[PDB]
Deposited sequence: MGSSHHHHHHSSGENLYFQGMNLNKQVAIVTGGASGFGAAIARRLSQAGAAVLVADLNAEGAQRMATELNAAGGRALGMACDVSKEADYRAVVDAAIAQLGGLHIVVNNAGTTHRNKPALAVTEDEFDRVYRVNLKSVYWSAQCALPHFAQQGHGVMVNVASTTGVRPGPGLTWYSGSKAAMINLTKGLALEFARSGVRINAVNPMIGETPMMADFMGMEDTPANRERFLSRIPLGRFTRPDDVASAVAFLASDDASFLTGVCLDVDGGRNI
């Protein structure tokens, strides 16, 4: 149960982010839905609101400090605090050979799947440390069990993000702040995993990556 708790969910307009926002709001948390797409973010918030929830939509490029700080400040100021930060990876776009991935796609993966976690760390972790509680859950991009070709550059930055998440966790391990990760492997099970990890029943877990059925 996450009553009186505030969550930011990035990637919130679609995919795993929308399912995660739905689940956390169903558990009683106030949700700031953050997404590149302001309209998609607002639609998800309207849906959560129509269903009994308290939610707000906000546009945000998780690669930009200012966008990520503004979403943290918006959650604190207008929803009244921040206790949970869920960073959603993208939809992995299409599967194609390593040498067909253009620079723009490579760059986007870096921005959305690694740089976002760095800014999340810089923008949300001090608040958590200050209040002596908080949870960050990083949802990796979806890679197959024993993955084959087609996701080489995704699997690369994914391995980096999971290790950064475990590294951040060791630093914050005696702060009350828990930093954990979800590895969707080919939406209910992804959302259930995030909702459990955000709950106080997961208080004994940090620096963990939970493999779940994508």
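J.: Which residue ranges of the deposited sequence are not present in the modelled coordinates?
T.: Residues missing from the model, as numbered along the full deposited sequence, span 1 to 21, 208 to 240, 269 to 272.
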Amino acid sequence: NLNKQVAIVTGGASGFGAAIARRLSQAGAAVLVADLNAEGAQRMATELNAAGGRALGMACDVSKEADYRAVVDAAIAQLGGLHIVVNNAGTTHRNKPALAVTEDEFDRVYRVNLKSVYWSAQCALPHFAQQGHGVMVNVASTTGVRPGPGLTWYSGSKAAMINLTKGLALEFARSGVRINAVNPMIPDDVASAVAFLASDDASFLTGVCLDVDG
From here on, numbers count along this sequence of modelled residues.
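J.: Which of the two stretches, 136 to 144 or 91 to 99, shows the higher mean Cα temperature factor in the record?
T.: For C-alpha atoms only, the mean B-factor is higher in 91 to 99.
J.: Report the stretch with the higher mean CA temperature factor, choosing between 170 to 178 and 157 to 165 on the basis of the entry.
T.: It is 170 to 178 that shows the higher mean C-alpha B-factor.
J.: Hey, what third does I8 fall into on Cα B-factor, ranked over its chain?
T.: Its C-alpha B-factor belongs to the lowest third of this chain's values.
J.: Taking the entry's C-alpha B-factors for this chain, is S116 in the lowest, middle or highest third?
T.: Answer is lowest: the recorded C-alpha B-factor places it there.
J.: Check where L56 lands among this chain's C-alpha B-factors and tell me if it's the lowest, middle or highest third.
T.: Its C-alpha B-factor belongs to the lowest third of this chain's values.
J.: For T46, does the deposited CA B-factor place it in the lowest, middle or highest third of the chain?
T.: Its C-alpha B-factor belongs to the highest third of this chain's values.
J.: Ranked by Cα temperature factor within the chain, is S25 in the lowest third, the middle third or the highest third?
T.: It belongs to the lowest third of the chain when residues are ordered by C-alpha B-factor.
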